[PDB]
>>> print(open('start_21.txt').read())   # compact mmCIF, C-alpha atoms and all ligand atoms
# COMPACT_ATOMS: atom_id res chain seq x y z
CA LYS I 10 49.12 -1.99 55.66
CA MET I 11 48.93 1.69 56.51
CA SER I 12 45.37 1.63 55.15
CA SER I 13 44.54 -1.67 56.87
CA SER I 14 45.40 -0.24 60.30
CA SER I 15 43.52 3.00 59.59
CA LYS I 16 40.41 1.09 58.49
CA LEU I 17 40.54 -1.04 61.64
CA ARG I 18 40.91 2.08 63.77
CA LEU I 19 37.96 3.82 62.11
CA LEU I 20 35.85 0.71 62.72
CA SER I 21 36.98 0.76 66.35
CA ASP I 22 36.00 4.42 66.61
CA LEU I 23 32.64 3.55 65.05
CA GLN I 24 32.13 0.81 67.65
CA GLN I 25 32.82 3.32 70.44
CA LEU I 26 30.28 5.78 69.03
CA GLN I 27 27.47 3.25 68.60
CA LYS I 28 27.97 1.85 72.10
CA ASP I 29 27.87 5.28 73.82
CA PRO I 30 26.65 7.90 71.33
CA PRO I 31 27.45 11.46 72.47
CA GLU I 32 24.62 13.93 72.87
CA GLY I 33 24.43 17.01 70.64
CA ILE I 34 26.10 15.17 67.75
CA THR I 35 25.28 12.99 64.78
CA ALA I 36 28.02 11.35 62.72
CA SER I 37 28.40 8.54 60.22
CA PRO I 38 30.77 7.53 57.39
CA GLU I 39 29.67 7.87 53.80
CA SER I 40 29.99 4.10 53.32
CA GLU I 41 32.38 1.24 53.97
CA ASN I 42 34.14 1.88 50.65
CA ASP I 43 34.37 5.55 51.69
CA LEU I 44 35.04 4.93 55.38
CA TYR I 45 37.52 7.82 55.38
CA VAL I 46 34.80 10.44 54.73
CA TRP I 47 32.42 11.12 57.61
CA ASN I 48 29.60 13.63 57.79
CA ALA I 49 28.50 15.03 61.13
CA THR I 50 26.23 17.60 62.70
CA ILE I 51 26.54 19.51 65.95
CA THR I 52 23.72 21.40 67.62
CA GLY I 53 24.33 24.65 69.44
CA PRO I 54 24.57 23.88 73.15
CA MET I 55 22.14 25.10 75.75
CA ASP I 56 23.34 28.37 77.29
CA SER I 57 25.49 29.23 74.24
CA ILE I 58 24.88 32.03 71.77
CA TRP I 59 24.40 29.31 69.10
CA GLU I 60 21.74 27.52 71.19
CA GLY I 61 19.64 25.21 69.02
CA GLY I 62 21.37 26.07 65.75
CA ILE I 63 22.44 23.12 63.61
CA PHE I 64 25.87 23.02 61.98
CA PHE I 65 27.18 20.62 59.36
CA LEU I 66 30.67 19.09 59.20
CA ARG I 67 32.76 16.79 57.04
CA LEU I 68 35.76 14.87 58.40
CA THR I 69 38.20 13.43 55.87
CA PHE I 70 40.56 10.95 57.48
CA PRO I 71 44.00 10.29 55.99
CA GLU I 72 45.21 6.79 55.17
CA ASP I 73 47.66 6.88 58.10
CA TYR I 74 45.00 7.72 60.69
CA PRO I 75 45.43 7.87 63.70
CA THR I 76 49.01 9.05 63.19
CA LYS I 77 47.46 12.16 61.60
CA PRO I 78 44.11 13.87 62.28
CA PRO I 79 41.27 14.19 59.78
CA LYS I 80 40.78 17.35 57.80
CA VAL I 81 37.71 19.00 59.35
CA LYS I 82 35.46 21.45 57.50
CA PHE I 83 32.07 22.99 58.08
CA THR I 84 30.10 22.23 54.92
CA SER I 85 27.43 24.83 55.63
CA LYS I 86 28.66 28.40 55.93
CA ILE I 87 29.24 29.52 59.51
CA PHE I 88 30.27 32.85 61.11
CA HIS I 89 32.50 31.75 63.98
CA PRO I 90 35.77 33.01 65.52
CA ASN I 91 37.57 29.68 64.95
CA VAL I 92 36.49 28.83 61.38
CA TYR I 93 38.29 29.98 58.22
CA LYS I 94 36.67 31.16 54.99
CA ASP I 95 36.83 27.71 53.37
CA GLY I 96 35.15 26.10 56.38
CA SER I 97 38.34 24.64 57.85
CA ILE I 98 38.54 24.84 61.61
CA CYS I 99 41.24 26.20 63.84
CA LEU I 100 41.48 23.80 66.78
CA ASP I 101 44.78 22.58 68.24
CA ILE I 102 43.28 19.19 69.21
CA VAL I 103 42.97 18.28 65.51
CA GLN I 104 46.04 20.22 64.40
CA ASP I 105 49.41 20.65 66.15
CA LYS I 106 48.25 18.99 69.39
CA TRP I 107 46.72 15.92 67.74
CA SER I 108 47.26 12.73 69.78
CA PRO I 109 47.25 9.27 68.16
CA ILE I 110 44.92 7.98 70.89
CA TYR I 111 42.20 10.51 70.04
CA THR I 112 39.08 9.09 68.37
CA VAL I 113 36.17 10.31 66.25
CA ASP I 114 34.32 10.83 69.53
CA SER I 115 37.27 12.91 70.84
CA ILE I 116 37.15 15.03 67.70
CA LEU I 117 33.40 15.63 67.66
CA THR I 118 33.40 16.45 71.38
CA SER I 119 36.20 18.96 70.83
CA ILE I 120 34.42 20.61 67.91
CA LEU I 121 31.22 20.86 69.93
CA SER I 122 33.26 22.66 72.59
CA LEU I 123 33.93 25.50 70.12
CA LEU I 124 30.19 26.19 70.28
CA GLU I 125 30.35 26.15 74.05
CA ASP I 126 33.19 28.69 74.24
CA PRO I 127 34.97 30.17 71.21
CA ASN I 128 38.72 30.60 71.46
CA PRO I 129 39.65 34.31 71.42
CA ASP I 130 43.42 33.83 70.94
CA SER I 131 44.67 34.27 67.35
CA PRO I 132 41.21 33.74 65.82
CA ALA I 133 40.69 32.38 62.30
CA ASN I 134 37.86 34.90 61.84
CA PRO I 135 38.93 38.07 63.63
CA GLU I 136 35.75 40.00 62.79
CA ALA I 137 33.66 37.23 64.35
CA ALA I 138 35.90 37.15 67.43
CA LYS I 139 35.58 40.92 67.92
CA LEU I 140 31.82 41.00 67.31
CA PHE I 141 31.20 38.05 69.64
CA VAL I 142 32.56 40.13 72.53
CA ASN I 143 31.60 43.66 71.46
CA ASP I 144 27.97 43.16 70.34
CA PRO I 145 26.43 39.75 71.07
CA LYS I 146 23.08 40.81 69.55
CA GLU I 147 24.71 41.74 66.25
CA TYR I 148 26.87 38.62 66.41
CA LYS I 149 23.70 36.49 66.59
CA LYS I 150 22.30 38.32 63.57
CA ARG I 151 25.46 37.67 61.56
CA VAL I 152 25.35 33.97 62.50
CA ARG I 153 21.78 33.70 61.27
CA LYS I 154 22.22 35.64 58.00
CA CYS I 155 25.54 34.06 56.94
CA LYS Q 10 6.56 24.02 49.66
CA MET Q 11 6.58 20.24 49.56
CA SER Q 12 10.38 20.44 49.87
CA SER Q 13 10.23 23.15 52.55
CA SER Q 14 8.10 20.95 54.82
CA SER Q 15 10.28 17.89 54.17
CA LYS Q 16 13.45 19.85 55.00
CA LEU Q 17 11.90 21.11 58.23
CA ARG Q 18 10.85 17.59 59.15
CA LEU Q 19 14.31 16.16 58.49
CA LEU Q 20 15.80 18.89 60.69
CA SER Q 21 13.26 18.00 63.38
CA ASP Q 22 14.24 14.34 63.09
CA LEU Q 23 17.90 15.38 63.35
CA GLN Q 24 17.12 17.35 66.52
CA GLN Q 25 15.47 14.26 68.04
CA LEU Q 26 18.50 12.09 67.25
CA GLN Q 27 21.09 14.49 68.68
CA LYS Q 28 19.09 15.00 71.88
CA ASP Q 29 18.66 11.25 72.56
CA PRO Q 30 20.95 9.26 70.24
CA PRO Q 31 19.95 5.59 70.01
CA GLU Q 32 22.49 2.94 70.93
CA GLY Q 33 23.76 0.52 68.28
CA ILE Q 34 23.35 3.11 65.52
CA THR Q 35 25.22 5.91 63.81
CA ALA Q 36 23.50 8.17 61.29
CA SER Q 37 24.04 11.54 59.65
CA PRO Q 38 23.01 13.36 56.45
CA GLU Q 39 25.53 13.87 53.68
CA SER Q 40 25.23 17.65 54.08
CA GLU Q 41 22.63 20.39 54.36
CA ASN Q 42 22.45 20.69 50.57
CA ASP Q 43 22.02 16.90 50.46
CA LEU Q 44 19.83 16.61 53.56
CA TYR Q 45 17.75 13.96 51.80
CA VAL Q 46 20.63 11.44 51.70
CA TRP Q 47 21.63 9.92 55.05
CA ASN Q 48 24.25 7.29 55.75
CA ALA Q 49 23.93 5.04 58.78
CA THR Q 50 25.48 2.03 60.44
CA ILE Q 51 23.95 -0.60 62.67
CA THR Q 52 25.91 -3.01 64.84
CA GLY Q 53 24.78 -6.58 65.36
CA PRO Q 54 22.98 -6.74 68.69
CA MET Q 55 24.16 -8.71 71.67
CA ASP Q 56 22.61 -12.20 71.68
CA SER Q 57 21.98 -12.14 67.91
CA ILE Q 58 23.72 -14.26 65.31
CA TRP Q 59 25.12 -10.98 63.86
CA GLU Q 60 26.57 -9.94 67.24
CA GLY Q 61 29.24 -7.27 66.81
CA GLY Q 62 29.08 -7.18 63.01
CA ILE Q 63 28.84 -3.73 61.44
CA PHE Q 64 26.40 -3.04 58.61
CA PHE Q 65 26.17 0.02 56.38
CA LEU Q 66 22.99 1.72 55.16
CA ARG Q 67 21.87 4.60 52.98
CA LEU Q 68 18.47 6.29 53.40
CA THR Q 69 17.24 8.45 50.53
CA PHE Q 70 14.29 10.58 51.57
CA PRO Q 71 11.75 11.78 49.00
CA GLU Q 72 10.80 15.43 48.66
CA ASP Q 73 7.36 14.75 50.17
CA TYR Q 74 8.74 13.14 53.33
CA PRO Q 75 7.10 12.26 55.75
CA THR Q 76 4.13 11.45 53.51
CA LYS Q 77 6.38 8.76 51.99
CA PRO Q 78 9.23 6.75 53.55
CA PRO Q 79 12.87 6.91 52.48
CA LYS Q 80 14.32 4.32 50.15
CA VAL Q 81 16.54 2.17 52.38
CA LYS Q 82 19.49 0.14 51.09
CA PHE Q 83 22.41 -1.69 52.62
CA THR Q 84 25.47 -0.26 50.87
CA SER Q 85 27.74 -3.11 51.95
CA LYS Q 86 26.70 -6.57 50.80
CA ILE Q 87 24.74 -8.52 53.41
CA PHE Q 88 23.33 -12.07 53.54
CA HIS Q 89 20.05 -11.61 55.40
CA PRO Q 90 16.51 -13.03 55.06
CA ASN Q 91 14.93 -9.57 54.65
CA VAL Q 92 17.35 -7.91 52.19
CA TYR Q 93 17.10 -8.13 48.39
CA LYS Q 94 19.99 -8.55 45.95
CA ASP Q 95 20.32 -4.79 45.33
CA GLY Q 96 20.51 -4.09 49.07
CA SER Q 97 16.92 -2.87 49.39
CA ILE Q 98 15.18 -4.00 52.54
CA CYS Q 99 11.87 -5.72 53.02
CA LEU Q 100 10.29 -4.13 56.09
CA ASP Q 101 6.62 -3.13 56.29
CA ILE Q 102 7.39 -0.18 58.62
CA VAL Q 103 9.16 1.61 55.74
CA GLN Q 104 6.95 0.19 53.00
CA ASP Q 105 3.18 -0.48 53.02
CA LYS Q 106 2.79 0.24 56.75
CA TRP Q 107 4.69 3.54 56.71
CA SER Q 108 3.17 6.14 59.07
CA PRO Q 109 3.67 9.89 58.53
CA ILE Q 110 4.57 10.32 62.21
CA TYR Q 111 7.53 7.94 61.96
CA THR Q 112 10.98 9.56 62.17
CA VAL Q 113 14.57 8.75 61.23
CA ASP Q 114 14.91 7.31 64.74
CA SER Q 115 11.80 5.15 64.12
CA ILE Q 116 13.34 3.88 60.89
CA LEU Q 117 16.80 3.10 62.28
CA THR Q 118 15.29 1.38 65.32
CA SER Q 119 13.11 -0.76 63.04
CA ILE Q 120 16.05 -1.72 60.82
CA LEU Q 121 18.12 -2.65 63.86
CA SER Q 122 15.25 -4.94 64.87
CA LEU Q 123 15.84 -7.03 61.73
CA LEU Q 124 19.21 -7.94 63.25
CA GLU Q 125 17.48 -8.85 66.49
CA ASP Q 126 14.97 -11.19 64.84
CA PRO Q 127 14.70 -11.76 61.08
CA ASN Q 128 11.22 -12.02 59.62
CA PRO Q 129 10.60 -15.55 58.26
CA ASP Q 130 7.36 -14.75 56.39
CA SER Q 131 7.74 -14.21 52.63
CA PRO Q 132 11.50 -13.50 52.86
CA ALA Q 133 13.36 -11.34 50.35
CA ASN Q 134 16.26 -13.81 50.49
CA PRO Q 135 14.72 -17.27 50.82
CA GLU Q 136 18.06 -19.10 50.92
CA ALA Q 137 19.15 -16.93 53.86
CA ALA Q 138 15.83 -17.51 55.63
CA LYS Q 139 16.13 -21.29 55.24
CA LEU Q 140 19.80 -21.42 56.26
CA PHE Q 141 19.21 -19.18 59.30
CA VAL Q 142 16.90 -21.84 60.73
CA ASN Q 143 18.41 -25.05 59.31
CA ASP Q 144 22.14 -24.49 59.97
CA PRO Q 145 23.04 -21.46 62.11
CA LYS Q 146 26.77 -22.29 61.92
CA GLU Q 147 26.73 -22.26 58.13
CA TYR Q 148 24.52 -19.17 58.14
CA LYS Q 149 27.20 -17.33 60.15
CA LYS Q 150 29.84 -18.43 57.64
CA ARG Q 151 27.77 -17.11 54.73
CA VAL Q 152 27.27 -13.78 56.53
CA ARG Q 153 31.01 -13.41 57.01
CA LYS Q 154 32.08 -14.44 53.48
CA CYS Q 155 29.43 -12.46 51.57
CL CL I 201 45.23 10.04 52.54
CL CL I 202 12.07 12.96 45.54
MG MG I 203 31.93 12.16 75.81
MG MG I 204 14.53 4.32 70.88
>>> encode(input="start_21.txt", output="structure tokens")
Amino acid sequence: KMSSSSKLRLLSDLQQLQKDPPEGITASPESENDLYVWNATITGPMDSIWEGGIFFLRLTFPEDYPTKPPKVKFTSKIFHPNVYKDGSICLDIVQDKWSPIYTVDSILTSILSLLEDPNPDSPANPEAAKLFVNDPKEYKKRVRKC
Amino acid sequence: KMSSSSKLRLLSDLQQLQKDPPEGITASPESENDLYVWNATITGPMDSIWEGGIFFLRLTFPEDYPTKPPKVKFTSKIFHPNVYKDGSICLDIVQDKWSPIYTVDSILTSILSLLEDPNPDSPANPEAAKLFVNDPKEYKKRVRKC
């Protein structure tokens, strides 16, 4: 019931992605039996300080999706103003400002945007937020040697 | 050494996919630590008997990739002339005719082509190959009720 509608919605999101796959992103569920676990990658955008870097994500969708957002974690360590120690992200689109008409594509696009411009307000990683502004060269070194 | 060059090649394949993602397909590795396991989906092409159906794959790449192809299996049951009982596929591109300059994109494109036109010669599933030709209506029913 709850899980029937969430499975149908994830399949609808999958249909959207395959018809018009977004650039900079890869993403696919673990399997049909594990449709609620997706793995994704995002590549650092051109003209960003993360340009060309590759970053690895897992999205774990709840059974009442899309009433609630997936849990989103970076599964490879990252040094980023908007990512907590355990890899969880700080992004209002998938937290307090979640909308039930957002899709997997919405989510991946919004995560990619954190590599276009980090959010400096109330950062999850304050050292990363300060270093990003104060010393971009050293910030790049910390990203690489994480 | 062997595994360093295979990791670099998988990251290169990942870069190709994110820059120009192919339509009809989703695909992403499990994680960086498990870069050798990818999950993918293919959607039944327009004008095929599988039109709009969604099919689920796992690709397990060996440590000496791209000298050897990944093992490719459908992880959801499928009734298809070129798929064995355990989900393994019969496709020369990823078997005897593997080329070391093929990529993940090459592989996914070639698997998608089995849903454009099945291969009738020496089929892995002879009942499916016969039914596909002899009774398309019943073949569609067997696909759906697998
Ligand atoms: Cl849940
Ligand atoms: Cl191996
Ligand atoms: Mg878009
Ligand atoms: Mg192509």
>>> closest_atom_pairs(input="start_21.txt", of="chain I", to="ligand CL 201 (chain I)", cutoff="10 Å", atoms="all atoms listed in the file", output="JSON lines")
{"residue": "I:11", "atom": "CA", "partner": "I:CL201", "partner_atom": "CL", "distance": 10.0}
{"residue": "I:12", "atom": "CA", "partner": "I:CL201", "partner_atom": "CL", "distance": 8.8}
{"residue": "I:45", "atom": "CA", "partner": "I:CL201", "partner_atom": "CL", "distance": 8.5}
{"residue": "I:69", "atom": "CA", "partner": "I:CL201", "partner_atom": "CL", "distance": 8.5}
{"residue": "I:70", "atom": "CA", "partner": "I:CL201", "partner_atom": "CL", "distance": 6.9}
{"residue": "I:71", "atom": "CA", "partner": "I:CL201", "partner_atom": "CL", "distance": 3.7}
{"residue": "I:72", "atom": "CA", "partner": "I:CL201", "partner_atom": "CL", "distance": 4.2}
{"residue": "I:73", "atom": "CA", "partner": "I:CL201", "partner_atom": "CL", "distance": 6.8}
{"residue": "I:74", "atom": "CA", "partner": "I:CL201", "partner_atom": "CL", "distance": 8.5}
{"residue": "I:77", "atom": "CA", "partner": "I:CL201", "partner_atom": "CL", "distance": 9.6}
{"residue": "I:79", "atom": "CA", "partner": "I:CL201", "partner_atom": "CL", "distance": 9.2}
>>> axis_aligned_box(input="start_21.txt", around="region 13-31 of chain Q", padding_each_side="8 Å", output="AutoDock Vina command-line options")
--center_x 14.6 --center_y 14.4 --center_z 62.6 --size_x 29.0 --size_y 33.6 --size_z 36.0
>>> interface_residues(input="start_21.txt", of="chain I", to="chain Q", cutoff="6 Å", atoms="only C-alpha atoms", output="PyMOL selection string")
chain I and resi 27-28+30+32-37+39+48-49
>>> closest_residue(input="start_21.txt", among="I:120, I:138, I:151, I:126", to="ligand MG 203 (chain I)", atoms="all atoms listed in the file")
I:120
>>> closest_residue(input="start_21.txt", among="Q:133, Q:124, Q:140, Q:116", to="ligand MG 204 (chain I)", atoms="all atoms listed in the file")
Q:116
>>> atom_distance(input="start_21.txt", atom1="CA of residue 88 (chain I)", atom2="CA of residue 106 (chain I)")
24.2 Å
>>> closest_residue(input="start_21.txt", among="Q:97, Q:76, Q:134, Q:21", to="ligand CL 202 (chain I)", atoms="only C-alpha atoms and all ligand atoms")
Q:76
>>> build_atoms(input="start_21.txt", residues="region 90-101 of chain Q", atoms="N, CA and C atoms", output="JSON list (two decimals), in the coordinates of the input")
[["chain", "number", "residue", "atom", "x", "y", "z"],
["Q", 90, "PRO", "N", 17.82, -12.63, 55.61],
["Q", 90, "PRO", "CA", 16.51, -13.03, 55.06],
["Q", 90, "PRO", "C", 15.67, -11.89, 54.51],
["Q", 91, "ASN", "N", 15.84, -10.65, 54.99],
["Q", 91, "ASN", "CA", 14.93, -9.57, 54.65],
["Q", 91, "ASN", "C", 15.60, -8.50, 53.79],
["Q", 92, "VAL", "N", 16.66, -8.85, 53.06],
["Q", 92, "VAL", "CA", 17.35, -7.91, 52.19],
["Q", 92, "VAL", "C", 17.44, -8.51, 50.79],
["Q", 93, "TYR", "N", 17.05, -7.73, 49.79],
["Q", 93, "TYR", "CA", 17.10, -8.13, 48.39],
["Q", 93, "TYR", "C", 18.52, -8.00, 47.83],
["Q", 94, "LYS", "N", 18.68, -8.50, 46.60],
["Q", 94, "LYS", "CA", 19.99, -8.55, 45.95],
["Q", 94, "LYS", "C", 20.61, -7.16, 45.81],
["Q", 95, "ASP", "N", 19.79, -6.14, 45.53],
["Q", 95, "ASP", "CA", 20.32, -4.79, 45.33],
["Q", 95, "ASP", "C", 20.53, -4.05, 46.64],
["Q", 96, "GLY", "N", 20.34, -4.72, 47.78],
["Q", 96, "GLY", "CA", 20.51, -4.09, 49.07],
["Q", 96, "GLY", "C", 19.25, -3.50, 49.65],
["Q", 97, "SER", "N", 18.17, -3.40, 48.87],
["Q", 97, "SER", "CA", 16.92, -2.87, 49.39],
["Q", 97, "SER", "C", 16.38, -3.79, 50.48],
["Q", 98, "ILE", "N", 15.68, -3.20, 51.44],
["Q", 98, "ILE", "CA", 15.18, -4.00, 52.54],
["Q", 98, "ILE", "C", 13.70, -4.31, 52.35],
["Q", 99, "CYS", "N", 13.26, -5.36, 53.01],
["Q", 99, "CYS", "CA", 11.87, -5.72, 53.02],
["Q", 99, "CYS", "C", 11.45, -5.58, 54.48],
["Q", 100, "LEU", "N", 10.68, -4.52, 54.74],
["Q", 100, "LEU", "CA", 10.29, -4.13, 56.09],
["Q", 100, "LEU", "C", 9.02, -3.27, 56.02],
["Q", 101, "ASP", "N", 7.90, -3.80, 56.51],
["Q", 101, "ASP", "CA", 6.62, -3.13, 56.29],
["Q", 101, "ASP", "C", 6.60, -1.72, 56.88]]
